[PDB]
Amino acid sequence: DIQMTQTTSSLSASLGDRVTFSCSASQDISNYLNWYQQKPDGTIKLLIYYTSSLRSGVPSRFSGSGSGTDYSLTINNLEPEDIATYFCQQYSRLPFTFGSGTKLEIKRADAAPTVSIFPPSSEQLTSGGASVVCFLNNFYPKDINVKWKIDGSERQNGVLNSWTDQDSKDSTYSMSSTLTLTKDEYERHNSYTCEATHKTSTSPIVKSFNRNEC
């Protein structure tokens, strides 16, 4: 099989800048090369076919070039909608083979997280279960830590976290951390806290609720 390889798995760039993704084939593919764009939701769409011809509809800031085993895809005027993974594919020989992709990360102004804590649903309390949900929404950059506390002490077990993909609209990241316990263990305690420590401040953002309150 022809191995298609991309120079990197990811690339970062600022809005308005231009980027170039790169591929080299394991054998000459005589310009039989396509470039695709896969958005987070999973939709795929052709950008450049046969090395440099752009698909009808695709903007001209997109361009492709190269020959032999070496090919390039360039994007000028980066914009948020360009957040995605780009991959090359050769259709010179069977089986067709794809490159593993290069995620495009877009740089942007630092933004603190908007944090929300939610106690279990009464409806879940009945099912015998209780999840404490916490949302660290819309921040930049990527890195962020959440610390959970019950009756004031750090709690770690039962904590599962989940990150979204860079937002195609505002270029931020979001994350939800869920602390799950049993109903019994949840009534056994009184105070719940979610602390997010992020690049944007030394004092973490703390959100909490006390079952005695409202």
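One-based numbering along the sequence shown.
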Comparing 91-99 with 107-115, the higher average Cα temperature factor in the PDB entry belongs to 107-115
Test of understanding: from the entry's C-alpha B-factors, which stretch has the higher mean, 23-31 or 57-65? 57-65
Hey, out of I75, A84, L125, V133, whose CA B-factor is highest in the deposited coordinates? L125
Within-chain third of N212 by Cα B-factor, per the entry: highest
Please say which third, lowest, middle or highest, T182 falls into when its CA temperature factor is compared across its chain. highest
Of the three thirds of the chain ranked by Cα temperature factor, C194 occupies the middle
Of the three thirds of Cα B-factor ranks in this chain, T43 occupies the highest
Determine, from the deposited record, the chain-internal third of the Cα B-factor for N145: lowest, middle or highest. highest
